[PDB]
4 protein chains.
Amino acid sequence: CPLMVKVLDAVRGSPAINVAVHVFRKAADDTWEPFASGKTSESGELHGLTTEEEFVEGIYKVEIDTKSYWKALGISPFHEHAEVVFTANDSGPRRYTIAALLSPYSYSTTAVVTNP
Amino acid sequence: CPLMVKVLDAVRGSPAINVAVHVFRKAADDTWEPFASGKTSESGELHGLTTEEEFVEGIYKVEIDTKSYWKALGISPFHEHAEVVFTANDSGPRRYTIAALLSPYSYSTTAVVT
Amino acid sequence: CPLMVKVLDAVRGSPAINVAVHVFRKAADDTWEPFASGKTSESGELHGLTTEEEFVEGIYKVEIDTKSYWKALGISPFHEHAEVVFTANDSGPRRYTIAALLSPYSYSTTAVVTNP
Amino acid sequence: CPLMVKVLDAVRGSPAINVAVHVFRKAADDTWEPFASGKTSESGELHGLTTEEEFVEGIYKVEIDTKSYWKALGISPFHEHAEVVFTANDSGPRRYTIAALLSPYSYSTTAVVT
Ligand SMILES: Oc1cc(O)cc(/C=C/c2ccc(O)c(O)c2)c1
Ligand SMILES: Oc1cc(O)cc(/C=C/c2ccc(O)c(O)c2)c1
């Protein structure tokens, strides 16, 4: 899987389930074009967003709808969303895992990049 | 100081000095309009971005040019930038500190609202 | 697997491979008794530390030898190790994932606790 | 101030106030001897733990009583405490800030050495 997203909840010590994720790619005209979307599973993971053929060099944005997640739990959170912007595949195809660890007033994110 | 930004470097254990920070506010047309900018000081801090009168309720984005910071240290980083998007002052002025802890492939951010 | 450890490297964007992990359990006399040890695999994961029968209620410490890891990469790090101390299984058996994200002067850790 | 501790709360977006902090130094017999302690202030900070003369090279542990903090807010936390173990001053005095960002099932810590 060339792009996978994993989301964890630091308040409950659980995967963050049913979180909406939207991925965009920067187009020739410098606008964000929709690329893929989905929701995290019971394991906090979102697989199957793209394929190796479609996931070309470019600048991508992964936007995680953290606000809806916290509001459904009864918490008014600080951020509107958590997003990650990165260049992908500029030295050839790679596999990317984007992980995010969420709290109401904080988030942490890391990337794991592997060469298949 | 209604809005302060503090940036720390997790590789060197130091403030992140001379990092460019741009602040935007969301305009009626769902576009990001420039609002303030600066570069962090020797303590990793950026003060004096705005005043209580100008800092009204709304949606703000703080964008930190992390890529230029790591390139200057000879490290190839993952992110194009680190950004933080939040609603402020929806219930009137407050004091906001946005902190960011940087590594080449990761960042953490928190808000201290007092 | 009742106890799994996952270790990631925030400098290189990779799993932290070959990291030593030592687990201890607090004994009746308030000393730390050795419980299990291992090293992380190529995926940054350490499985097979214990079994459901051996992993009883108690206070456990997971100690990750981050110092050796960074020194092998040429970096003199701040911490002597990263450790996590927690009570386990006090409301019945659970499955624990302890994750750590490492940098030379910082670490983050989270737990994911699931009810099998 | 050669050693300062700052503690932040990621759930409420605030300093972590009135948190107990104990500092230990490793003794010749590989035992932890008490060295300093205090509780964080309204800004989440603990100053005045030690002096330059007393703070010699060695191995120190900072232990933060996170469990009592979350219990006071009615949240059941994962960790017994958060602790940070490091070597100081091996090349003579420096100024150390140990920061910790707390959530019920997670903590992050960094050091700022200036
Ligand atoms: O920014 C952070 C901070 C942190 O403390 C942990 C993570 C990631 C944890 C993780 C846990 C289980 C996984 O399978 C996985 O891929 C990642 C990310
Ligand atoms: O492990 C982490 C993660 C993070 O996202 C932030 C911090 C520290 C924030 C901070 C905020 C205000 C201060 O004065 C200060 O010294 C530090 C530490």
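Every number for a ligand or one of its atoms is a count from 1 in the order of the listing. Throughout, a chain's letter reflects where its sequence line sits, starting with A, and its residues are numbered from 1. All values below were derived from every heavy atom in this structure, side-chain atoms included, with hydrogens, water molecules and symmetry-related copies excluded.
The closest approach between C/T109 and ligand 1 falls below 4.0 Å for a heavy atom of the residue.
Looking at C/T110, its side chain never comes within 3.5 Å of a backbone N or O of C/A99 through a donor-acceptor pair. The backbone N or O of D/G92 lies less than 3.5 Å from a partner atom in the side chain of D/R94, making a donor-acceptor pair. No donor-acceptor pair under 3.5 Å is formed between the side chain of C/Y96 and the backbone N or O of C/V5.
Residue-ligand proximity, C/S108 to ligand 1, at heavy-atom distances under 4.0 Å covers atoms 3 (C), 4 (C), 5 (O). The atoms of ligand 1 that sit less than 4.0 Å from any heavy atom of C/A99 are 9 (C), 11 (C). The contact set between ligand 1 and C/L101, taken as ligand atoms under 4.0 Å from a residue heavy atom, comprises 1 (O), 2 (C), 3 (C), 4 (C).
From the protein, the heavy atom lying nearest to atom 12 (C) of ligand 2 is D/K6 CE, 3.9 Å. For atom 8 (C) of ligand 2, the closest heavy atom belonging to the protein is B/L8 CD1, 3.9 Å. Nearest protein heavy-atom neighbour of atom 18 (C) of ligand 2: D/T110 CG2, 3.9 Å.
No side-chain donor-acceptor contact under 3.5 Å links D/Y105 and A/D9.
The residues A/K67 and A/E80 are annotated as salt-bridged, a charged nitrogen and a carboxylate oxygen being separated by less than 4.0 angstrom.
Of the inter-residue distances, the one linking C/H79 atom NE2 with D/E83 atom CD reads 10.5 Å to the nearest 0.5 angstrom.
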